[PDB]
Amino acid sequence: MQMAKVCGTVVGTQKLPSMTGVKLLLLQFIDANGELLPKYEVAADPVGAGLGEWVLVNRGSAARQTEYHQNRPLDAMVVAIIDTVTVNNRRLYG
Amino acid sequence: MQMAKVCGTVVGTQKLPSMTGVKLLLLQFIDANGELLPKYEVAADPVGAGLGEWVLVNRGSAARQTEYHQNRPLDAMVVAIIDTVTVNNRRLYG
Amino acid sequence: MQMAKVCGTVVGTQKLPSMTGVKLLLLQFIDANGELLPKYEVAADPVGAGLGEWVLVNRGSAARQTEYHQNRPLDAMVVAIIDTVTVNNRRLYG
Amino acid sequence: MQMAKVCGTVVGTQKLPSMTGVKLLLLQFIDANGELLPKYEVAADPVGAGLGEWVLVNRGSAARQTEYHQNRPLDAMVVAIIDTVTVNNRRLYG
Amino acid sequence: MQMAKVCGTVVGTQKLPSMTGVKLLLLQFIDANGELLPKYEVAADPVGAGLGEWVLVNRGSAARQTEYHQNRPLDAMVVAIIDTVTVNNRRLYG
Amino acid sequence: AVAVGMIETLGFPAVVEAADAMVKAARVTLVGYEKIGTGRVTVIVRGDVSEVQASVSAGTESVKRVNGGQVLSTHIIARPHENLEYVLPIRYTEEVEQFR
Amino acid sequence: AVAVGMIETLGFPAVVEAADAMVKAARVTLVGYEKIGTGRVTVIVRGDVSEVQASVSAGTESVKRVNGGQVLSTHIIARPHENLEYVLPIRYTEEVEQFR
Amino acid sequence: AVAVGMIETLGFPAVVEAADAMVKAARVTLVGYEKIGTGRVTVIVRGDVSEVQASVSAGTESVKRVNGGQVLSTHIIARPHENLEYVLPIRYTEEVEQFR
Amino acid sequence: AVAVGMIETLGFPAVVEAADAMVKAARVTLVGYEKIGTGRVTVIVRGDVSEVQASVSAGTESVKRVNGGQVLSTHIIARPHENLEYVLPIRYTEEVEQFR
Amino acid sequence: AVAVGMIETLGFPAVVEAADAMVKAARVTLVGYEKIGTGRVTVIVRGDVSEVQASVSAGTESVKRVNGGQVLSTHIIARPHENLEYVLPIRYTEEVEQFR
Amino acid sequence: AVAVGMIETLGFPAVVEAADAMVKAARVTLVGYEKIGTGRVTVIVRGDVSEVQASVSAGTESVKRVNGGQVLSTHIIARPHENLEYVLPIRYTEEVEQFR
Amino acid sequence: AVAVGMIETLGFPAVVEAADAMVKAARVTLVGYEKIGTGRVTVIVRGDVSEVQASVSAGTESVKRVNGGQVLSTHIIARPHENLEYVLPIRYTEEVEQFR
Amino acid sequence: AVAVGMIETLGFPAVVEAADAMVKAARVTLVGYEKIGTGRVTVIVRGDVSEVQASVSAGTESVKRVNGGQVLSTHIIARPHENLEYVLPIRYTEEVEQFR
């Protein structure tokens with residue numbers, strides 16, 4: 001997984017028929033210190049996440065494991081909304 | 001997924017027999033801010049996309065999920081044509 | 001696999017139901033010389049590792065091979081706690 | 001897929017038994033404009049490609065889809081010899 | 001596959017039960033010209049390779065293809081010991 | 001006029017998840033909240049047709065992740081008549097003018 | 001007075017698609033919207049009897065587009081008595097005078 | 001640039017009900033009308049891809065109310081190539097530029 | 001615009017008896033005549049929706065007078081969009097202005 | 001910002017035991033109380049998402065001790081959109097600001 | 001001469017998807033659009049043999065993603081005789097000389 | 001006169017492959033191209049009777065290369081009357097006089 | 001350099017029809033002619049890889065019209081090594097330089 005910040009939404013109307021119903025979030029990756037990295041991802045969002053939240057997003061074949069993304073062409077998925085990040089016994093987020 | 005811009009087409013005549021009928025688009029990746037990254041991809045195009053469009057591109061074994069790319073040696077696929085990118089409640093594209 | 005140092009923990013309360021019970025560690029990657037790289041990962045931790053430990057973390061679908069991580073959306077997992085690293089017949093760690 | 005130029009061959013005699021008969025090509029990646037990137041790959045070559053040729057190479061589990069690479073430990077494979085690349089309706093290659 | 005140089009060994013005693021018997025080599029990636037890149041890997045070693053050798057390393061689910069790594073959490077594997085690298089009809093290695 | 005999407009659910013926890021996932025999936029404005037009896041509760045969003053189609057389709061799948069949640073009826077009208085905003089409670093209120 | 005058309009549906013997304021199909025199909029004015037319980041929702045159009053007949057039949061077919069939508073009752077009164085507009089919500093309000 | 005959607009019906013009364021339901025449902029412009037033989041008649045709309053998608057789905061359901069006509073084929077292209085306007089009759093004519 | 005009625009018949013003697021029955025039954029104007037292939041011939045009338053409904057139903061029964069005549073499809077659009085008269089042949093031509 | 005949790009019960013004695021078990025189990029503020037018909041009554045708590053999850057799990061188990069009430073639906077949203085506080089009754093009222 | 005590729009489909013929405021996918025898959029010029037009756041419609045592209053083989057093969061697969069779309073016959077002639085451009089409608093028109 | 005060879009195929013890609021095989025196989029001039037409906041398309045070559053027989057036989061076998069191509073009827077007239085070139089489109093036009 | 005394509009037939013009348021169909025189909029140069037015993041005769045064409053692919057596919061289909069000949073083996077190499085020109089008879093001879 002990677003830590004990412006929800007920066008926006010991507011809407012596509014002309015898509016695959018297996019891509020319908022999939023909510024697509026534009027996530028910017030954040031480092032371990034909390035700063036925004038110049039690297040992004042578009043991920044499926046089963047755990048309902050809004051703009052500004054910190055999320056855990058996986059990569060690749062793990063995005064097709066939630067039993068309704070199984071035969072869906074997805075390589076990125078928000079798997080968790082981050083509550084708190086503790087680094088060196090110090091709370092960094094939350 | 002990644003956001004990419006269709007910059008051209010790649011045609012190969014000597015290929016694998018499972019690669020025939022596959023439309024191959026040369027796609028340049030764009031960042032979350034909208035500028036072109038110095039990074040490209042060649043992807044299959046089931047969702048019919050032409051030169052200049054913004055597309056969503058998956059990577060890996062998610063390219064083989066659309067039930068006719070299943071046993072095809074594809075690791076990248078256009079899954080959607082981007083209609084609208086909204087970043088920080090502001091429309092970036094569309 | 002990559003060598004990584006456990007820098008902390010990530011706790012998420014809203015997650016997928018298959019993500020329940022998965023311990024999430026914030027691991028910063030270390031190089032072959034032992035210095036911290038500016039790159040991190042959030043990985044599942046079946047091998048119980050604490051803060052400051054050197055671990056081996058895999059990537060991708062190898063994280064789902066642990067027979068209780070099989071249908072879990074995990075793309076990174078601590079597979080081993082590093083006891084010693086020998087580089088050019090010289091002990092680097094341990 | 002990525003566009004790559006065949007720069008040479010890699011011969012290994014001490015290998016896995018499932019790697020026997022696999023022709024290994026050293027391919028340097030080329031960018032979308034046609035210049036050589038400082039990044040390479042060693043890929044299987046079922047589509048017979050010689051030195052100097054432009055090839056499409058895939059990555060990952062897509063290299064095991066050509067029904068004679070199925071249980072072979074391959075993560076890269078030349079899937080097509082590039083005949084022509086057209087960028088912005090202008091022929092770049094061929 | 002990638003060309004890598006064996007720079008050492010990684011030993012971990014506290015690991016997963018499916019990770020036992022797996023020989024872990026610290027491999028530094030080398031470029032197509034032959035110099036050491038600042039990038040490494042830890043891979044399983046079925047083809048017996050020692051310190052200083054040139055190896056071919058696959059990554060991903062291709063590491064689980066050799067029928068004794070099938071349910072093992074491995075994402076990197078030495079598949080061949082490099083005998084000869086020929087670049088532009090000139091022998092680079094061997 | 002501006003497109004209108006409706007998701008009717010059986011239950012208030014299902015209609016808040018429908019309302020929350022709609023304005024999180026796309027750039028729509030949740031303007032309305034309608035109860036018609038027997039637990040049939042409808043939330044009403046406004047926005048562009050690309051946003052409303054994306055929000056209603058994603059808002060429908062999010063309700064079937066709520067225990068006891070049931071989608072009764074969903075609809076998108078891409079171009080409603082200007083007669084409808086004066087009679088039906090689908091119009092923009094002044095509470096939601098910051099989200100338009 | 002001028003004619004009355006009513007479509008009663010089970011559900012609020014079905015009654016907005018019925019109301020939007022009615023005012024697009026003919027020269028009717030949607031004047032009313034009535035909730036009577038158990039999800040029975042009624043929209044009321046006013047116009048000439050040929051326009052009201054053309055709209056009410058077209059509003060009934062458009063509920064089949066809505067999933068989970070069901071027309072319970074339709075009726076057309078060609079010439080309602082003047083007593084009905086002062087008691088029942090079938091009258092022209094001031095907000096809908098621009099559409100008459 | 002502007003998307004193109006086509007509904008092919010068997011019969012001329014079904015293709016006028018399809019064309020009338022398309023331009024009423026969304027902000028599309030009916031630009032074209034094509035006959036290829038065996039009664040197969042095609043109407044062409046131009047708009048945004050979200051508006052064309054809402055029109056083609058609404059134009060398909062409205063042929064089912066026509067007795068004697070059926071939808072043979074529908075398609076939507078999000079952005080046609082500029083080659084297609086000069087060969088195929090999907091371009092904006094100057095008679096319909098007021099509806100663009 | 002004003003309402004459109006279409007009767008599609010299989011055969012040309014059936015479409016002239018349908019067109020002659022329509023303009024005699026009510027105050028409609030025959031404006032159009034369309035061939036789409038396989039003998040599917042359509043005549044188009046314009047008028048008020050009550051007159052168009054009275055004519056199209058009367059034009060359907062008169063095809064039974066014709067031996068070898070068969071009505072394939074009928075449809076009535078009560079309020080067609082203004083886009084349809086510039087693309088489809090349902091508009092008033094200058095030759096039929098004396099009958100409007 | 002502040003998370004929202006909802007428990008919908010069938011019956012008012014079940015929804016008071018659910019609401020009492022929620023604010024005792026964790027640091028949540030009961031802010032709302034919603035009736036949608038057929039006895040479906042919802043209580044709304046606000047707190048941190050960890051506190052909301054502990055309260056909703058405790059309020060669900062406490063309805064099992066009420067004879068005559070059952071939990072119909074529960075849901076937790078970690079961070080609702082600010083559009084929802086103006087349309088849905090999930091916001092902090094001024095009477096409950098002492099418990100925040 | 002320059003190579004010619006043809007895709008014959010049954011239906012006009014299938015032939016526009018065939019024409020659109022051909023000029024998007026490779027560097028070909030759509031020059032022709034041929035109706036021969038019974039709904040058999042043929043689009044004709046010109047270009048190099050590598051372009052035309054890639055376009056026709058990708059245009060054939062894209063038609064079987066259209067509902068009601070059916071490919072009747074495809075062919076590529078890599079080197080057509082110069083007699084054929086004067087008789088058959090496969091030649092470059094002046095409308096498409098910007099795409100050559 | 002100069003001999004006439006005609007190949008009638010079902011489909012336009014089959015008739016271009018038939019016409020391209022004819023003018024390559026022998027010293028015939030493709031002069032004509034005829035559509036008569038139901039996809040029956042005819043190409044007409046002129047030449048000496050030995051060249052016309054060799055081309056029409058080779059143009060028939062090349063339709064089997066076309067998937068979905070079918071030869072309906074072939075005929076060779078060794079010495080047509082001079083009345084036929086003024087009525088039927090079998091004559092040498094001025095555009096094809098460079099290939100005679 | 002340029003690609004190389006080979007068709008091996010059983011018999012000399014089949015290999016001349018194969019070689020004649022190759023140089024007529026595309027812009028390839030027949031450069032070679034090889035006999036290896038058991039009647040296995042091979043013709044070698046050079047050209048671009050797209051032209052070699054179109055010629056070899058047409059040369060394979062043309063042996064089916066020869067009675068008593070069959071295609072035994074076909075192959076296409078997109079760019080042969082420079083070693084193969086000096087050992088194998090696939091190189092351009094002096095007599096075939098006019099057709100290159």
# chains A, B, ... in the order shown; residues from 1 in each chain; ligands from 1
>>> select_by_dssp(residues="chain M", states="strand (DSSP E)", output="mmCIF file with C-alpha atoms, in the first residue's frame")
data_model
loop_
_atom_site.group_PDB
_atom_site.id
_atom_site.type_symbol
_atom_site.label_atom_id
_atom_site.label_comp_id
_atom_site.auth_asym_id
_atom_site.auth_seq_id
_atom_site.Cartn_x
_atom_site.Cartn_y
_atom_site.Cartn_z
ATOM 1 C CA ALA M 3 11.922 -8.428 -45.185
ATOM 2 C CA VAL M 4 12.058 -11.914 -46.690
ATOM 3 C CA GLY M 5 9.102 -14.190 -47.356
ATOM 4 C CA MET M 6 9.104 -17.785 -48.529
ATOM 5 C CA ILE M 7 6.405 -20.069 -49.906
ATOM 6 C CA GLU M 8 7.285 -23.736 -50.331
ATOM 7 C CA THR M 9 5.006 -25.668 -52.665
ATOM 8 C CA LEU M 10 4.951 -29.269 -53.847
ATOM 9 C CA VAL M 28 7.638 -7.275 -53.337
ATOM 10 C CA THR M 29 10.490 -8.438 -55.545
ATOM 11 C CA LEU M 30 10.755 -12.117 -56.394
ATOM 12 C CA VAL M 31 14.488 -12.684 -55.973
ATOM 13 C CA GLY M 32 14.974 -16.396 -55.437
ATOM 14 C CA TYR M 33 14.021 -19.910 -56.421
ATOM 15 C CA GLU M 34 15.083 -22.953 -54.427
ATOM 16 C CA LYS M 35 14.813 -26.716 -54.933
ATOM 17 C CA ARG M 40 9.665 -29.150 -52.597
ATOM 18 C CA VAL M 41 10.189 -25.852 -54.416
ATOM 19 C CA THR M 42 10.520 -22.494 -52.657
ATOM 20 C CA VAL M 43 10.199 -18.955 -54.023
ATOM 21 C CA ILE M 44 11.717 -16.065 -52.072
ATOM 22 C CA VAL M 45 10.340 -12.519 -52.133
ATOM 23 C CA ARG M 46 11.928 -9.405 -50.656
ATOM 24 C CA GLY M 47 10.197 -6.201 -49.654
ATOM 25 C CA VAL M 71 1.541 -25.174 -50.010
ATOM 26 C CA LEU M 72 3.879 -27.076 -47.702
ATOM 27 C CA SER M 73 5.405 -24.228 -45.705
ATOM 28 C CA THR M 74 5.298 -20.440 -45.586
ATOM 29 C CA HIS M 75 7.357 -18.063 -43.481
ATOM 30 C CA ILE M 76 8.036 -14.330 -43.163
ATOM 31 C CA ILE M 77 11.069 -12.732 -41.490
#
>>> residues_around(residues="region 57-61 of chain E", least_positions_apart="3", cutoff="7 Å", atoms="only C-alpha atoms", output="number ranges by chain")
C: 60-62; D: 60-61, 74-75; E: 1-4, 64, 75-79
>>> write_last_selection(atoms="N, CA, C and O atoms", output="short mmCIF file (atom, residue, chain, number, x, y, z; two decimals), in the first residue's frame")
data_model
loop_
_atom_site.label_atom_id
_atom_site.label_comp_id
_atom_site.auth_asym_id
_atom_site.auth_seq_id
_atom_site.Cartn_x
_atom_site.Cartn_y
_atom_site.Cartn_z
N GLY C 60 3.45 -6.70 -4.62
CA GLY C 60 2.52 -7.29 -5.57
C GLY C 60 1.73 -8.47 -5.03
O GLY C 60 1.32 -8.48 -3.87
N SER C 61 1.51 -9.47 -5.88
CA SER C 61 0.67 -10.61 -5.54
C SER C 61 1.37 -11.63 -4.66
O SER C 61 0.74 -12.61 -4.27
N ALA C 62 2.65 -11.42 -4.36
CA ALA C 62 3.36 -12.27 -3.41
C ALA C 62 2.91 -12.01 -1.98
O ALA C 62 3.11 -12.86 -1.11
N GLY D 60 5.66 -8.16 -16.63
CA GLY D 60 4.86 -8.84 -15.64
C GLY D 60 4.28 -10.16 -16.10
O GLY D 60 4.92 -10.91 -16.84
N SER D 61 3.06 -10.46 -15.65
CA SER D 61 2.41 -11.72 -15.94
C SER D 61 1.89 -11.82 -17.36
O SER D 61 1.44 -12.89 -17.77
N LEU D 74 9.23 -15.81 -16.49
CA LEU D 74 9.50 -14.68 -17.36
C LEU D 74 8.62 -13.51 -16.96
O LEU D 74 7.42 -13.68 -16.72
N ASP D 75 9.21 -12.32 -16.89
CA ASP D 75 8.47 -11.10 -16.57
C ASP D 75 8.60 -10.04 -17.65
O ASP D 75 8.24 -8.89 -17.42
N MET E 1 13.17 -9.48 -17.31
CA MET E 1 14.32 -9.75 -16.46
C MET E 1 15.25 -8.55 -16.39
O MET E 1 15.25 -7.69 -17.26
N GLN E 2 16.04 -8.51 -15.33
CA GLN E 2 17.07 -7.50 -15.15
C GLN E 2 18.40 -8.19 -14.88
O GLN E 2 18.45 -9.25 -14.26
N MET E 3 19.48 -7.57 -15.34
CA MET E 3 20.81 -8.03 -15.01
C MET E 3 21.24 -7.43 -13.68
O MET E 3 21.10 -6.23 -13.45
N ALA E 4 21.75 -8.28 -12.80
CA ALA E 4 22.17 -7.85 -11.48
C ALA E 4 23.47 -8.54 -11.11
O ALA E 4 23.83 -9.58 -11.66
N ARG E 64 7.33 -17.10 -8.81
CA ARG E 64 6.58 -18.23 -8.27
C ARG E 64 6.26 -19.28 -9.32
O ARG E 64 5.23 -19.96 -9.20
N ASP E 75 8.81 -12.19 -4.68
CA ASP E 75 8.60 -11.30 -5.82
C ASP E 75 9.88 -11.01 -6.57
O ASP E 75 9.95 -10.02 -7.30
N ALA E 76 10.91 -11.84 -6.41
CA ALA E 76 12.19 -11.69 -7.09
C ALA E 76 12.91 -13.03 -7.02
O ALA E 76 12.89 -13.70 -5.99
N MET E 77 13.55 -13.41 -8.13
CA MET E 77 14.19 -14.72 -8.22
C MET E 77 15.30 -14.66 -9.25
O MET E 77 15.13 -14.09 -10.32
N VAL E 78 16.46 -15.22 -8.90
CA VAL E 78 17.50 -15.45 -9.89
C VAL E 78 17.08 -16.61 -10.78
O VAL E 78 16.87 -17.73 -10.31
N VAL E 79 16.93 -16.34 -12.07
CA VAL E 79 16.51 -17.38 -13.01
C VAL E 79 17.67 -17.91 -13.85
O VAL E 79 17.55 -19.00 -14.41
#
>>> interface_residues(of="chain A", to="chain B", cutoff="9 Å", atoms="only C-alpha atoms", output="PyMOL selection string")
chain A and resi 7-19+26-28+38-44+51-52+60-61+63-64+70-76
>>> write_last_selection(atoms="N, CA and C atoms", output="JSON list (two decimals), in the first residue's frame")
[["chain", "number", "residue", "atom", "x", "y", "z"],
["A", 7, "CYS", "N", -7.21, 14.21, -3.85],
["A", 7, "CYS", "CA", -7.14, 15.56, -4.39],
["A", 7, "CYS", "C", -8.29, 15.86, -5.33],
["A", 8, "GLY", "N", -8.95, 14.84, -5.86],
["A", 8, "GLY", "CA", -10.08, 15.11, -6.71],
["A", 8, "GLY", "C", -10.73, 13.85, -7.25],
["A", 9, "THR", "N", -11.60, 14.06, -8.23],
["A", 9, "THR", "CA", -12.38, 12.99, -8.85],
["A", 9, "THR", "C", -12.13, 12.99, -10.35],
["A", 10, "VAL", "N", -12.18, 11.80, -10.94],
["A", 10, "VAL", "CA", -12.08, 11.62, -12.38],
["A", 10, "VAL", "C", -13.37, 10.97, -12.85],
["A", 11, "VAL", "N", -14.06, 11.64, -13.77],
["A", 11, "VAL", "CA", -15.31, 11.14, -14.33],
["A", 11, "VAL", "C", -15.06, 10.82, -15.80],
["A", 12, "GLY", "N", -15.34, 9.58, -16.19],
["A", 12, "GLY", "CA", -15.31, 9.21, -17.58],
["A", 12, "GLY", "C", -16.62, 8.57, -17.99],
["A", 13, "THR", "N", -17.26, 9.09, -19.03],
["A", 13, "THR", "CA", -18.53, 8.53, -19.47],
["A", 13, "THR", "C", -18.37, 7.47, -20.54],
["A", 14, "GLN", "N", -17.38, 7.61, -21.42],
["A", 14, "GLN", "CA", -17.08, 6.62, -22.44],
["A", 14, "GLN", "C", -16.02, 5.68, -21.89],
["A", 15, "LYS", "N", -16.45, 4.51, -21.43],
["A", 15, "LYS", "CA", -15.57, 3.60, -20.71],
["A", 15, "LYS", "C", -15.96, 2.17, -21.05],
["A", 16, "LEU", "N", -15.29, 1.23, -20.40],
["A", 16, "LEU", "CA", -15.65, -0.17, -20.53],
["A", 16, "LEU", "C", -16.95, -0.44, -19.78],
["A", 17, "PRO", "N", -17.73, -1.45, -20.21],
["A", 17, "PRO", "CA", -18.95, -1.79, -19.47],
["A", 17, "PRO", "C", -18.68, -2.38, -18.09],
["A", 18, "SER", "N", -17.50, -2.94, -17.87],
["A", 18, "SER", "CA", -17.14, -3.42, -16.54],
["A", 18, "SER", "C", -16.63, -2.31, -15.65],
["A", 19, "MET", "N", -16.43, -1.11, -16.19],
["A", 19, "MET", "CA", -15.96, 0.02, -15.40],
["A", 19, "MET", "C", -17.09, 0.90, -14.88],
["A", 26, "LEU", "N", -8.91, 10.86, -7.84],
["A", 26, "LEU", "CA", -7.57, 11.33, -8.15],
["A", 26, "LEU", "C", -6.83, 11.50, -6.83],
["A", 27, "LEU", "N", -5.85, 10.65, -6.58],
["A", 27, "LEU", "CA", -5.09, 10.65, -5.34],
["A", 27, "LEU", "C", -3.66, 11.09, -5.62],
["A", 28, "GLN", "N", -3.16, 12.03, -4.83],
["A", 28, "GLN", "CA", -1.75, 12.39, -4.87],
["A", 28, "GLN", "C", -1.02, 11.67, -3.76],
["A", 38, "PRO", "N", 5.31, 14.44, -6.06],
["A", 38, "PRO", "CA", 4.83, 14.71, -7.43],
["A", 38, "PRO", "C", 4.53, 13.44, -8.20],
["A", 39, "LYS", "N", 3.60, 12.64, -7.67],
["A", 39, "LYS", "CA", 3.20, 11.37, -8.25],
["A", 39, "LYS", "C", 1.77, 11.10, -7.82],
["A", 40, "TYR", "N", 0.94, 10.68, -8.76],
["A", 40, "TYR", "CA", -0.48, 10.52, -8.52],
["A", 40, "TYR", "C", -0.94, 9.13, -8.91],
["A", 41, "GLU", "N", -2.23, 8.89, -8.71],
["A", 41, "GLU", "CA", -2.90, 7.66, -9.09],
["A", 41, "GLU", "C", -4.39, 7.93, -9.21],
["A", 42, "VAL", "N", -5.05, 7.16, -10.06],
["A", 42, "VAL", "CA", -6.50, 7.11, -10.11],
["A", 42, "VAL", "C", -6.92, 5.74, -9.60],
["A", 43, "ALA", "N", -7.73, 5.72, -8.55],
["A", 43, "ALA", "CA", -8.05, 4.48, -7.87],
["A", 43, "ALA", "C", -9.56, 4.33, -7.71],
["A", 44, "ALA", "N", -10.00, 3.08, -7.70],
["A", 44, "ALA", "CA", -11.36, 2.76, -7.30],
["A", 44, "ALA", "C", -11.52, 3.02, -5.81],
["A", 51, "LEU", "N", -12.67, 14.56, -0.44],
["A", 51, "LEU", "CA", -11.52, 15.36, -0.82],
["A", 51, "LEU", "C", -10.78, 15.88, 0.41],
["A", 52, "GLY", "N", -9.49, 15.59, 0.46],
["A", 52, "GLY", "CA", -8.65, 15.97, 1.57],
["A", 52, "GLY", "C", -8.27, 14.84, 2.50],
["A", 60, "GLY", "N", -1.96, -2.84, -8.45],
["A", 60, "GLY", "CA", -1.91, -4.07, -9.21],
["A", 60, "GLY", "C", -3.07, -5.01, -8.99],
["A", 61, "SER", "N", -2.76, -6.30, -8.85],
["A", 61, "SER", "CA", -3.75, -7.35, -8.76],
["A", 61, "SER", "C", -4.50, -7.37, -7.44],
["A", 63, "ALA", "N", -6.09, -4.88, -6.27],
["A", 63, "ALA", "CA", -7.29, -4.07, -6.44],
["A", 63, "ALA", "C", -8.50, -4.89, -6.84],
["A", 64, "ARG", "N", -8.30, -6.13, -7.27],
["A", 64, "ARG", "CA", -9.38, -7.00, -7.72],
["A", 64, "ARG", "C", -9.73, -8.08, -6.70],
["A", 70, "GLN", "N", -13.63, -8.07, -9.07],
["A", 70, "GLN", "CA", -12.83, -9.25, -9.38],
["A", 70, "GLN", "C", -12.47, -9.34, -10.86],
["A", 71, "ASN", "N", -13.44, -9.15, -11.74],
["A", 71, "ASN", "CA", -13.20, -9.21, -13.17],
["A", 71, "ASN", "C", -13.20, -7.82, -13.80],
["A", 72, "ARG", "N", -12.93, -6.81, -12.99],
["A", 72, "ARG", "CA", -12.87, -5.40, -13.35],
["A", 72, "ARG", "C", -11.44, -4.99, -13.65],
["A", 73, "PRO", "N", -11.22, -4.21, -14.70],
["A", 73, "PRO", "CA", -9.85, -3.80, -15.08],
["A", 73, "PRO", "C", -9.30, -2.69, -14.20],
["A", 74, "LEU", "N", -9.02, -3.03, -12.95],
["A", 74, "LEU", "CA", -8.58, -2.08, -11.94],
["A", 74, "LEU", "C", -7.19, -2.46, -11.44],
["A", 75, "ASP", "N", -6.30, -1.48, -11.34],
["A", 75, "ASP", "CA", -4.96, -1.69, -10.82],
["A", 75, "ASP", "C", -4.65, -0.79, -9.63],
["A", 76, "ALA", "N", -5.66, -0.11, -9.08],
["A", 76, "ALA", "CA", -5.48, 0.75, -7.93],
["A", 76, "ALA", "C", -6.81, 0.85, -7.21]]
>>> atom_distance(atom1="CA of residue 27 (chain F)", atom2="CA of residue 35 (chain B)")
22.2 Å
>>> closest_atom_pairs(of="chain K", to="chain I", cutoff="12 Å", atoms="only C-alpha atoms", output="Markdown table")
| residue | atom | partner | partner_atom | distance |
| --- | --- | --- | --- | --- |
| K:37 | CA | I:37 | CA | 9.0 |
| K:38 | CA | I:37 | CA | 8.7 |
| K:39 | CA | I:37 | CA | 10.0 |
>>> interface_residues(of="chain K", to="chain B", cutoff="12 Å", atoms="only C-alpha atoms", output="VMD selection string")
chain K and resid 16 to 28 48 to 66
>>> atom_distance(atom1="CA of residue 87 (chain I)", atom2="CA of residue 82 (chain H)")
21.8 Å
